[PDB]
Amino acid sequence: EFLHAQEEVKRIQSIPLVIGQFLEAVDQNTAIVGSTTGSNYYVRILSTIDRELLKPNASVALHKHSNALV
Amino acid sequence: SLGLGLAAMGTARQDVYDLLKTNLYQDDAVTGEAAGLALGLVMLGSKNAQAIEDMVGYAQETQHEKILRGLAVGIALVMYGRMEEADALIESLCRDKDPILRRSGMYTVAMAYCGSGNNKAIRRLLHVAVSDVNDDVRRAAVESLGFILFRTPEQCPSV
Amino acid sequence: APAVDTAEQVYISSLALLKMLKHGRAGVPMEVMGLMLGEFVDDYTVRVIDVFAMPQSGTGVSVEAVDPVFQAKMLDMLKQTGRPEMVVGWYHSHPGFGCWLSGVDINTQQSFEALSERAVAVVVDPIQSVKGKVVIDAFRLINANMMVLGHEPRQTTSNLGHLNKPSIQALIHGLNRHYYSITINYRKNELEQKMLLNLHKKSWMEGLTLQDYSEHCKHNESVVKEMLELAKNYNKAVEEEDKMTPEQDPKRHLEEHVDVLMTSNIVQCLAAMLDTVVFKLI
Amino acid sequence: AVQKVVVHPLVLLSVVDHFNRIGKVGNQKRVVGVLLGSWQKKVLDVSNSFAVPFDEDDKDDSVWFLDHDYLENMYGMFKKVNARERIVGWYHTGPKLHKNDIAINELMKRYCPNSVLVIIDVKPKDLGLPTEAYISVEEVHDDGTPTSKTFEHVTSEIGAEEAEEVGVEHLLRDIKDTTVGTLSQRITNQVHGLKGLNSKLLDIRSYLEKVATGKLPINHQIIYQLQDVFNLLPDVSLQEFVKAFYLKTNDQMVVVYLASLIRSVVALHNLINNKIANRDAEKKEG
Amino acid sequence: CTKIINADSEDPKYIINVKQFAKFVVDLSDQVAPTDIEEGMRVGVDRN
Amino acid sequence: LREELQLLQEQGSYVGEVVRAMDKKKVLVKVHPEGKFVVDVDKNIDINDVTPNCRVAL
Amino acid sequence: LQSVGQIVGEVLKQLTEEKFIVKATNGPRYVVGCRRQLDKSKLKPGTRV
Amino acid sequence: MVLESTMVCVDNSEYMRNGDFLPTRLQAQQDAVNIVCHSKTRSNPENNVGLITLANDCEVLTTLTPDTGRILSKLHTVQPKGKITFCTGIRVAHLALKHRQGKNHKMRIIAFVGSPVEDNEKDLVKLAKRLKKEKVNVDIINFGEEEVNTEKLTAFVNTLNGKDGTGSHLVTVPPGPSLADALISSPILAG
Amino acid sequence: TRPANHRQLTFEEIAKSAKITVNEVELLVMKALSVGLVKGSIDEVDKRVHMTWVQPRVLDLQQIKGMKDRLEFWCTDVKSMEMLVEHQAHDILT
Amino acid sequence: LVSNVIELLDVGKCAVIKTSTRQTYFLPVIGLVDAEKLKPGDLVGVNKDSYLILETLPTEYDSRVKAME
Ligand SMILES: [Zn+2]
């Protein structure tokens, strides 16, 4: 089941993804992203992402239908 | 049907069994649950081949899910406290494709070995609870440990 | 007055789901619609045995989009084929809108329920049904009289209808106010499962087909180089650990690199050796 | 013509549904329908199908019925639904080909010239036989033999596009799948490959038994392909292949020393940390 | 509303401009007559 | 992993600048660029902590 | 009639062999893949797609 | 009057190559099926008609359908380049009659044979028995060859009309004037 | 005749058998490769010829039986190793 | 939906259009209209959902050419 869950998490990183700017971090797992579609969203960070590379205005790819910082 | 089964619980009388079998064969969902439960109650702990064969066959023949649940609990109750005498039915219901019949097998494991603490029954229950693909059958298998281990409650949280 | 139970389930057949998904994707970005065939087994069961699509019309998805002539000829002619199932309900794809009913959808559903009280209006999202999750829901209705008089739309007798939570999107678009979401259950017997398993059943051959030895060596070299760098990181991190009371680890990445090298190399060795034995001149 | 035929995991379910809905009372054991799909002068993919009313009689295997205007009407309805798929071939259960297969193919060659038989095996799904697709060819029997038709096998694949394969996955998601290949699953795959090899071996041996005693005629291309395949077997001798010990031990370097010693050191490191952690927990507790 | 596309009762469509949204060619409702519609005026149009 | 998977399927929440908490139940908030809405406040968030010109998630 | 039309945009970068950063004109940018049969060696940055 | 699904058995064999009717025996069969199907369709509007070929295989070009125009057009370009086979033709007619759409439709086919059937009386009589078990009521009309109403055909009639059973009339057509009136005087009045 | 047990055929065999001079074995091998019947190669240094050829023949029903026995041998070898790996990996197969 | 045809590209002609929803769109096939005149700027009514050219409509105006009567 762990292998299956890891497969699902990896699949959620598939394409297409919308580009956005990581505005600010809120929690250990949520952040505020300004999507390039011209709207700002309070979304969820994927756990596997290295937090240290998440710097302000860093370009991030967001899930197409949930805008989660993928 | 619920009243008949619960009042005649375990009496194994034939007239009530025949009437309730007729009602079950009338093939209706609302009354089917009561019919199956009442067959389980009336012939409780009887190990009767006729009743078990008829009920398993109907469970493999009908289409209404409520009838399926009623027949599942009925099959469980017909084989109450029969211990290792129920292994054939237990295997036959464990290998069934229908998840409701697998739940019936778990309930039968619970009822046949109620309080025995049989290590083989515990092993089968735990394997099903950690391996089965249907959530309801996992739930039934893991709750059956209560009936199996009620006689030794101090060992029960440990598992 | 009888009320449909919250334990009522819509048993969607496996191929019904497959056809709905294919037709929904085909219609993207437009909206498609079709009729759902099956039988109302009892008051707590709706079995959608099959579905057939309907011609795309300029109206969209409405009750004028169901061609009575097309519906007829399809019904009689499928009956001739061997599918004599009453039309259970209808379906239409909301592409990327989620699963809910817009005002025209409730209008068409009222038209359908004029035919039969038990008649569902399942919908599917063809693009949100990415690999894994399948976004399909089944709503019937809520009659205005039952709601306005205050009675709950559906009687409850079990937890079956409360196992899954309604979504905010559907809730805003009138769920639990004009229609209720019916739990969807997928009738999938063992035969269909074993046949679907052939989609990714590789063959009896690749279980004996060796991976390219040059590509094997290049993969192994890359992995051992990564193991180098991860081991250097591990040594540095562990040297820090000693000057660290309890207060990406090079260790884990190292571990899954080890696991991948394990499986690949052991499989290659064993496969080559079996190929030596069974694939023998004798 | 076609170097590969792709069968989507929808026409498979269509054939299963047709076989079930018939065999409720239809003990003919074989049912014939029309399969549509996008048509290419390259690899062919079957995207949809429908069931035509087919009747067959066991007498002489020459009296049968296929309502062709039903075929045309259903194809018109599918065109209205989706004009993209065109009549491509046909299907029938009963994996043993009957006598009317070729006649039905000739009947259906008018609606599409390159009609292909696509047999669907329903009950027997043991190892490797999900389907077998055949196409009639215009050759008598060989260079110097009398007339026949002799359906030609085409390599078949089960492939799905997006928004159909996801339905398959949702229908799946039992204890099955696990697309990533763990060592256990790979060894199981090797065992399955051995089993399939043995089954094919027994099949060819059975045919050779049927031919050797004269029950089945000697078919010259069959015997030729035999002699080729037993000629094609490799030799583990000729000690230049045997110098594969080189690469075997080269593998043993990366499996034996690197990853295994690293795993052992990692396990020991996890051990000592617990032993300190347990010691620290004890000290916090005299 | 903009140019009448030279309707003549066979081209009742007109290009209409919904503010900062797009512009669409659209046909009349049965409750209105073309004599009541000419270019340049504000007109209420349905969603569907 | 499963809880992360579940939480990743839910839509992202718009951010918005609360103009003023109109009432103990309603809040006037401007969200770029959809416009200004007057939302309600759920069970968890207490109104008094919502101060004008602070960023919220809808 | 069976066609659906397509967005237009400019390729901005080649993240890997498959994933491409593509900016739609007067719109948002995405990371997208490419069709199976295509000349990836032709998809230079700035190529309108 | 009665609902039926007609399954006409048109012969385009090479033994059909006869001059017994003035222009052409094959064209005699074409306009004969034309006139009889006209009479049958005009007798009952909802009836169904179909076509079968009997030459070297049983081609079922048109099955049990109400429209007469398309079966009519199938009669043309029939290309009589085959060899007749009565038994398999009537078997296909019977199985098509089993596969009719409307259950109320009383089974009925129109058979025109203008070739000497090459068969054995035992298979013919057993086939008559088999068609009798299914209560399939045929009409049979002898055209073409001089052995009109052969003992095979008379046995077929008297067995399918077992003790005056279904009504497979032995209507006799002279090897000369197979005239349209000679082909409508008997059947439109009775069968 | 030789079932690849000793593929390398010395020029004496081809000379005596084909009743040719050892100068012409190479020529006829080259001709046979050129037409398309055999795809072997020639080792003049040790006077040997390697043969990997794809030309079959009719097969003399007794030869059908012999090749059946060869198939039986290789299939029982396959079966035996399948049981061996299955037994050794029964812990992992599950 | 009316769209301003930005230009026509050869492929046998494909057009990129700027619909009035400030959106650019590439059309592998030029709708249900002829494709010869089709000036790069000819305003057309493109389909609201599938975005293909159902019909062409006469040009609106060209700034000063309407500013001059
Ligand atoms: Zn809708």
# chains A, B, ... in the order shown; residues from 1 in each chain; ligands from 1

$ residues_near_ligand --ligand "ligand 1" --cutoff "9 Å" --atoms "only C-alpha atoms and all ligand atoms" --output "PyMOL selection string"
chain C and resi 31+33+60-62+91-94+99-106+123

$ write_last_selection --atoms "C-alpha atoms" --output "PDB file, in the first residue's frame"
ATOM      1  CA  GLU C  31     -20.940  18.428 -23.462  1.00  0.00           C
ATOM      2  CA  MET C  33     -25.184  12.986 -23.145  1.00  0.00           C
ATOM      3  CA  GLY C  60     -26.499  21.060 -25.692  1.00  0.00           C
ATOM      4  CA  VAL C  61     -27.621  18.695 -22.957  1.00  0.00           C
ATOM      5  CA  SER C  62     -31.379  19.119 -22.600  1.00  0.00           C
ATOM      6  CA  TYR C  91     -25.769  10.892 -18.091  1.00  0.00           C
ATOM      7  CA  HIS C  92     -23.866  13.927 -19.291  1.00  0.00           C
ATOM      8  CA  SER C  93     -20.288  15.098 -18.948  1.00  0.00           C
ATOM      9  CA  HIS C  94     -19.509  18.357 -17.190  1.00  0.00           C
ATOM     10  CA  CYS C  99     -20.291  16.889 -10.630  1.00  0.00           C
ATOM     11  CA  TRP C 100     -23.537  18.808 -10.082  1.00  0.00           C
ATOM     12  CA  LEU C 101     -26.758  19.768 -11.862  1.00  0.00           C
ATOM     13  CA  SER C 102     -27.364  23.117 -13.537  1.00  0.00           C
ATOM     14  CA  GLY C 103     -30.923  24.387 -13.908  1.00  0.00           C
ATOM     15  CA  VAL C 104     -31.341  22.739 -17.294  1.00  0.00           C
ATOM     16  CA  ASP C 105     -30.011  19.523 -15.757  1.00  0.00           C
ATOM     17  CA  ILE C 106     -32.733  19.529 -13.088  1.00  0.00           C
ATOM     18  CA  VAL C 123     -22.759  12.861 -14.400  1.00  0.00           C
TER      19      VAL C 123
END

$ residues_around --residues "segment 191-200 of chain C" --least-positions-apart "6" --cutoff "7 Å" --atoms "only C-alpha atoms" --output "list in words"
residues 9, 13, 130, 158, 159 and 168 of chain D

$ select_by_dssp --residues "chain I" --states "helix (DSSP H, G or I)" --output "number ranges by chain"
I: 11-17, 25-35, 62-93

$ closest_atom_pairs --of "chain G" --to "chain C" --cutoff "12 Å" --atoms "only C-alpha atoms" --output "JSON lines"
{"residue": "G:1", "atom": "CA", "partner": "C:56", "partner_atom": "CA", "distance": 11.7}
{"residue": "G:2", "atom": "CA", "partner": "C:27", "partner_atom": "CA", "distance": 10.0}
{"residue": "G:3", "atom": "CA", "partner": "C:29", "partner_atom": "CA", "distance": 10.7}
{"residue": "G:4", "atom": "CA", "partner": "C:29", "partner_atom": "CA", "distance": 7.9}
{"residue": "G:5", "atom": "CA", "partner": "C:29", "partner_atom": "CA", "distance": 10.4}
{"residue": "G:6", "atom": "CA", "partner": "C:29", "partner_atom": "CA", "distance": 11.5}

$ write_last_selection --atoms "C-alpha atoms" --output "compact mmCIF listing (two decimals), in the first residue's frame"
# COMPACT_ATOMS: atom_id res chain seq x y z
CA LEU G 1 -16.32 19.81 -37.60
CA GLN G 2 -14.41 17.12 -35.71
CA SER G 3 -11.58 19.59 -35.04
CA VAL G 4 -11.42 21.64 -31.85
CA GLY G 5 -8.76 24.31 -32.43
CA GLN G 6 -5.61 24.80 -30.39

$ closest_atom_pairs --of "chain D" --to "chain G" --cutoff "10 Å" --atoms "only C-alpha atoms" --output "CSV"
residue,atom,partner,partner_atom,distance
D:82,CA,G:2,CA,9.3
D:83,CA,G:2,CA,8.6
D:84,CA,G:2,CA,8.2

$ residues_around --residues "residue 25 of chain G" --least-positions-apart "6" --cutoff "9 Å" --atoms "only C-alpha atoms" --output "list in words"
residues 7, 8, 9 and 10 of chain G; 23 and 24 of chain J

$ write_last_selection --atoms "N, CA, C and O atoms" --output "tab-separated table (two decimals), in the first residue's frame"
chain	number	residue	atom	x	y	z
G	7	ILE	N	-4.58	26.11	-28.63
G	7	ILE	CA	-3.93	27.28	-28.08
G	7	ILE	C	-2.61	27.49	-28.82
G	7	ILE	O	-2.07	26.57	-29.44
G	8	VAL	N	-2.09	28.71	-28.76
G	8	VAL	CA	-0.78	29.03	-29.32
G	8	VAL	C	0.09	29.58	-28.20
G	8	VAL	O	-0.42	30.11	-27.21
G	9	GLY	N	1.40	29.42	-28.35
G	9	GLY	CA	2.32	29.89	-27.35
G	9	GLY	C	3.77	29.74	-27.76
G	9	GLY	O	4.06	29.21	-28.83
G	10	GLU	N	4.69	30.20	-26.91
G	10	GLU	CA	6.11	30.14	-27.20
G	10	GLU	C	6.80	29.27	-26.17
G	10	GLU	O	6.60	29.44	-24.97
J	23	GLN	N	-8.08	36.08	-26.59
J	23	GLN	CA	-7.46	34.75	-26.61
J	23	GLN	C	-7.05	34.39	-28.02
J	23	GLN	O	-7.83	34.55	-28.96
J	24	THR	N	-5.82	33.91	-28.16
J	24	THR	CA	-5.32	33.44	-29.44
J	24	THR	C	-5.60	31.95	-29.61
J	24	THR	O	-5.59	31.20	-28.63

$ interface_residues --of "chain C" --to "chain F" --cutoff "12 Å" --atoms "only C-alpha atoms" --output "JSON, numbers by chain"
{"C": [98, 128, 129, 130, 132, 133, 134, 135, 167, 168, 169]}

$ write_last_selection --atoms "N, CA and C atoms" --output "compact mmCIF listing (two decimals), in the first residue's frame"
# COMPACT_ATOMS: atom_id res chain seq x y z
N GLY C 98 -16.85 19.82 -12.47
CA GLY C 98 -17.24 19.01 -11.34
C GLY C 98 -18.59 18.37 -11.56
N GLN C 128 -11.30 15.86 -15.13
CA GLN C 128 -10.89 15.68 -13.74
C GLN C 128 -10.73 14.22 -13.37
N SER C 129 -11.11 13.30 -14.25
CA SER C 129 -10.93 11.87 -14.01
C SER C 129 -9.54 11.43 -14.49
N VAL C 130 -8.53 12.14 -14.00
CA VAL C 130 -7.15 11.77 -14.26
C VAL C 130 -6.86 10.41 -13.63
N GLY C 132 -6.22 7.34 -11.66
CA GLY C 132 -6.57 7.25 -10.26
C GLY C 132 -8.01 7.61 -10.00
N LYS C 133 -8.25 8.84 -9.54
CA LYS C 133 -9.59 9.26 -9.18
C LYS C 133 -10.49 9.37 -10.41
N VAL C 134 -11.73 8.93 -10.25
CA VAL C 134 -12.77 9.05 -11.27
C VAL C 134 -13.90 9.87 -10.68
N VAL C 135 -14.19 11.01 -11.29
CA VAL C 135 -15.13 11.99 -10.74
C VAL C 135 -16.49 11.74 -11.38
N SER C 167 -19.20 17.30 -1.57
CA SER C 167 -18.19 18.31 -1.85
C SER C 167 -18.80 19.71 -1.80
N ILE C 168 -17.94 20.70 -1.55
CA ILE C 168 -18.40 22.08 -1.49
C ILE C 168 -18.94 22.53 -2.84
N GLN C 169 -18.25 22.16 -3.92
CA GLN C 169 -18.69 22.56 -5.26
C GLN C 169 -20.11 22.09 -5.53

$ residues_around --residues "segment 12-28 of chain B" --least-positions-apart "5" --cutoff "6 Å" --atoms "only C-alpha atoms" --output "PyMOL selection string"
chain B and resi 35+42-43

$ write_last_selection --atoms "N, CA and C atoms" --output "PDB file, in the first residue's frame"
ATOM      1  N   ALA B  35     -36.002 -12.303   6.723  1.00  0.00           N
ATOM      2  CA  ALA B  35     -36.088 -13.734   6.449  1.00  0.00           C
ATOM      3  C   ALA B  35     -34.763 -14.428   6.733  1.00  0.00           C
ATOM      4  N   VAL B  42     -33.792 -19.100  14.100  1.00  0.00           N
ATOM      5  CA  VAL B  42     -34.613 -20.278  14.368  1.00  0.00           C
ATOM      6  C   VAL B  42     -33.752 -21.531  14.417  1.00  0.00           C
ATOM      7  N   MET B  43     -32.866 -21.700  13.436  1.00  0.00           N
ATOM      8  CA  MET B  43     -31.978 -22.854  13.408  1.00  0.00           C
ATOM      9  C   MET B  43     -30.608 -22.533  13.986  1.00  0.00           C
TER      10      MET B  43
END

$ residues_around --residues "residue 38 of chain E" --least-positions-apart "5" --cutoff "12 Å" --atoms "only C-alpha atoms" --output "PyMOL selection string"
chain E and resi 1-7+12-16+28+32-33+43

$ write_last_selection --atoms "N, CA, C and O atoms" --output "PDB file, in the first residue's frame"
ATOM      1  N   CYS E   1     -25.253  46.822 -28.768  1.00  0.00           N
ATOM      2  CA  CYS E   1     -25.510  46.185 -30.053  1.00  0.00           C
ATOM      3  C   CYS E   1     -24.824  46.944 -31.184  1.00  0.00           C
ATOM      4  O   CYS E   1     -24.676  48.167 -31.146  1.00  0.00           O
ATOM      5  N   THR E   2     -24.401  46.194 -32.200  1.00  0.00           N
ATOM      6  CA  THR E   2     -23.668  46.755 -33.328  1.00  0.00           C
ATOM      7  C   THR E   2     -24.322  46.299 -34.629  1.00  0.00           C
ATOM      8  O   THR E   2     -25.465  45.832 -34.607  1.00  0.00           O
ATOM      9  N   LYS E   3     -23.615  46.462 -35.754  1.00  0.00           N
ATOM     10  CA  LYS E   3     -24.172  46.328 -37.101  1.00  0.00           C
ATOM     11  C   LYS E   3     -25.167  45.177 -37.218  1.00  0.00           C
ATOM     12  O   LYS E   3     -24.978  44.098 -36.652  1.00  0.00           O
ATOM     13  N   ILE E   4     -26.249  45.443 -37.951  1.00  0.00           N
ATOM     14  CA  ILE E   4     -27.385  44.533 -38.064  1.00  0.00           C
ATOM     15  C   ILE E   4     -27.097  43.338 -38.963  1.00  0.00           C
ATOM     16  O   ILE E   4     -27.974  42.489 -39.142  1.00  0.00           O
ATOM     17  N   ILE E   5     -25.899  43.283 -39.556  1.00  0.00           N
ATOM     18  CA  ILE E   5     -25.376  42.253 -40.462  1.00  0.00           C
ATOM     19  C   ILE E   5     -26.259  42.252 -41.710  1.00  0.00           C
ATOM     20  O   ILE E   5     -26.220  41.320 -42.523  1.00  0.00           O
ATOM     21  N   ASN E   6     -27.025  43.332 -41.894  1.00  0.00           N
ATOM     22  CA  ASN E   6     -27.974  43.447 -42.996  1.00  0.00           C
ATOM     23  C   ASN E   6     -28.979  42.303 -42.898  1.00  0.00           C
ATOM     24  O   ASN E   6     -29.026  41.428 -43.770  1.00  0.00           O
ATOM     25  N   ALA E   7     -29.779  42.306 -41.829  1.00  0.00           N
ATOM     26  CA  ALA E   7     -30.582  41.159 -41.410  1.00  0.00           C
ATOM     27  C   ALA E   7     -31.576  40.693 -42.469  1.00  0.00           C
ATOM     28  O   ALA E   7     -31.469  39.568 -42.967  1.00  0.00           O
ATOM     29  N   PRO E  12     -30.988  37.474 -38.813  1.00  0.00           N
ATOM     30  CA  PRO E  12     -31.358  38.239 -37.617  1.00  0.00           C
ATOM     31  C   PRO E  12     -30.226  38.427 -36.619  1.00  0.00           C
ATOM     32  O   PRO E  12     -30.420  39.109 -35.609  1.00  0.00           O
ATOM     33  N   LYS E  13     -29.063  37.847 -36.888  1.00  0.00           N
ATOM     34  CA  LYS E  13     -27.927  37.959 -35.991  1.00  0.00           C
ATOM     35  C   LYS E  13     -27.370  39.378 -35.980  1.00  0.00           C
ATOM     36  O   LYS E  13     -27.417  40.088 -36.985  1.00  0.00           O
ATOM     37  N   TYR E  14     -26.875  39.804 -34.821  1.00  0.00           N
ATOM     38  CA  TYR E  14     -26.141  41.053 -34.692  1.00  0.00           C
ATOM     39  C   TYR E  14     -24.920  40.823 -33.821  1.00  0.00           C
ATOM     40  O   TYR E  14     -24.978  40.080 -32.840  1.00  0.00           O
ATOM     41  N   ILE E  15     -23.814  41.468 -34.173  1.00  0.00           N
ATOM     42  CA  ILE E  15     -22.656  41.461 -33.291  1.00  0.00           C
ATOM     43  C   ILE E  15     -22.940  42.392 -32.121  1.00  0.00           C
ATOM     44  O   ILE E  15     -23.276  43.567 -32.307  1.00  0.00           O
ATOM     45  N   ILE E  16     -22.847  41.856 -30.909  1.00  0.00           N
ATOM     46  CA  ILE E  16     -23.168  42.579 -29.687  1.00  0.00           C
ATOM     47  C   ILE E  16     -21.946  42.554 -28.786  1.00  0.00           C
ATOM     48  O   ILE E  16     -21.187  41.582 -28.787  1.00  0.00           O
ATOM     49  N   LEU E  28     -32.463  36.854 -32.211  1.00  0.00           N
ATOM     50  CA  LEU E  28     -33.443  37.446 -31.312  1.00  0.00           C
ATOM     51  C   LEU E  28     -34.231  36.382 -30.559  1.00  0.00           C
ATOM     52  O   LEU E  28     -34.218  35.198 -30.898  1.00  0.00           O
ATOM     53  N   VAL E  32     -39.529  39.342 -29.008  1.00  0.00           N
ATOM     54  CA  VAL E  32     -39.125  40.641 -29.528  1.00  0.00           C
ATOM     55  C   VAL E  32     -39.223  40.606 -31.044  1.00  0.00           C
ATOM     56  O   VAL E  32     -39.143  39.532 -31.653  1.00  0.00           O
ATOM     57  N   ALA E  33     -39.429  41.761 -31.641  1.00  0.00           N
ATOM     58  CA  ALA E  33     -39.440  41.852 -33.091  1.00  0.00           C
ATOM     59  C   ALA E  33     -38.252  42.673 -33.579  1.00  0.00           C
ATOM     60  O   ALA E  33     -37.766  43.558 -32.868  1.00  0.00           O
ATOM     61  N   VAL E  43     -29.112  46.193 -24.912  1.00  0.00           N
ATOM     62  CA  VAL E  43     -30.059  45.094 -25.038  1.00  0.00           C
ATOM     63  C   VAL E  43     -29.732  44.038 -23.994  1.00  0.00           C
ATOM     64  O   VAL E  43     -28.559  43.715 -23.778  1.00  0.00           O
TER      65      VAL E  43
END

$ residues_around --residues "segment 29-44 of chain J" --least-positions-apart "6" --cutoff "6 Å" --atoms "only C-alpha atoms" --output "PyMOL selection string"
chain J and resi 2-7+14+52-57+59

$ write_last_selection --atoms "N, CA, C and O atoms" --output "mmCIF file, in the first residue's frame"
data_model
loop_
_atom_site.group_PDB
_atom_site.id
_atom_site.type_symbol
_atom_site.label_atom_id
_atom_site.label_comp_id
_atom_site.auth_asym_id
_atom_site.auth_seq_id
_atom_site.Cartn_x
_atom_site.Cartn_y
_atom_site.Cartn_z
ATOM 1 N N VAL J 2 -17.330 36.334 -32.371
ATOM 2 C CA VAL J 2 -16.561 37.004 -33.412
ATOM 3 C C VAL J 2 -15.085 37.023 -33.036
ATOM 4 O O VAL J 2 -14.711 37.300 -31.890
ATOM 5 N N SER J 3 -14.237 36.725 -34.015
ATOM 6 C CA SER J 3 -12.801 36.715 -33.796
ATOM 7 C C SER J 3 -12.119 37.451 -34.935
ATOM 8 O O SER J 3 -12.550 37.377 -36.087
ATOM 9 N N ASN J 4 -11.045 38.151 -34.596
ATOM 10 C CA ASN J 4 -10.224 38.852 -35.570
ATOM 11 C C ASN J 4 -9.139 37.904 -36.057
ATOM 12 O O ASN J 4 -8.260 37.512 -35.282
ATOM 13 N N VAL J 5 -9.199 37.541 -37.334
ATOM 14 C CA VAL J 5 -8.233 36.605 -37.899
ATOM 15 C C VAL J 5 -6.882 37.303 -37.982
ATOM 16 O O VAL J 5 -6.685 38.197 -38.807
ATOM 17 N N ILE J 6 -5.946 36.894 -37.125
ATOM 18 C CA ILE J 6 -4.642 37.549 -37.084
ATOM 19 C C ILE J 6 -3.888 37.327 -38.387
ATOM 20 O O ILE J 6 -3.370 38.274 -38.990
ATOM 21 N N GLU J 7 -3.823 36.082 -38.846
ATOM 22 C CA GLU J 7 -3.075 35.755 -40.055
ATOM 23 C C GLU J 7 -3.415 34.331 -40.473
ATOM 24 O O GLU J 7 -3.991 33.557 -39.704
ATOM 25 N N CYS J 14 -3.833 27.030 -42.548
ATOM 26 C CA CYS J 14 -4.258 27.103 -41.162
ATOM 27 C C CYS J 14 -4.164 28.544 -40.685
ATOM 28 O O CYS J 14 -3.285 29.305 -41.094
ATOM 29 N N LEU J 52 -14.103 27.028 -34.395
ATOM 30 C CA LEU J 52 -13.887 26.940 -35.829
ATOM 31 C C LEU J 52 -14.776 27.955 -36.535
ATOM 32 O O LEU J 52 -15.790 28.403 -35.998
ATOM 33 N N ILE J 53 -14.377 28.317 -37.752
ATOM 34 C CA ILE J 53 -14.965 29.455 -38.456
ATOM 35 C C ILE J 53 -16.240 28.980 -39.143
ATOM 36 O O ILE J 53 -16.189 28.346 -40.196
ATOM 37 N N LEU J 54 -17.396 29.292 -38.555
ATOM 38 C CA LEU J 54 -18.657 28.949 -39.201
ATOM 39 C C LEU J 54 -18.982 29.875 -40.362
ATOM 40 O O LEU J 54 -19.483 29.415 -41.393
ATOM 41 N N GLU J 55 -18.729 31.171 -40.217
ATOM 42 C CA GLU J 55 -19.074 32.112 -41.267
ATOM 43 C C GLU J 55 -18.173 33.329 -41.175
ATOM 44 O O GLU J 55 -17.559 33.601 -40.140
ATOM 45 N N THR J 56 -18.104 34.058 -42.278
ATOM 46 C CA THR J 56 -17.411 35.331 -42.335
ATOM 47 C C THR J 56 -18.443 36.445 -42.333
ATOM 48 O O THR J 56 -19.529 36.299 -42.901
ATOM 49 N N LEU J 57 -18.112 37.551 -41.680
ATOM 50 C CA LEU J 57 -18.994 38.703 -41.670
ATOM 51 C C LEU J 57 -18.233 39.928 -42.153
ATOM 52 O O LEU J 57 -17.006 39.989 -42.027
ATOM 53 N N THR J 59 -16.338 43.416 -42.728
ATOM 54 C CA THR J 59 -15.428 44.123 -41.840
ATOM 55 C C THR J 59 -16.143 45.271 -41.139
ATOM 56 O O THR J 59 -17.001 45.947 -41.712
#
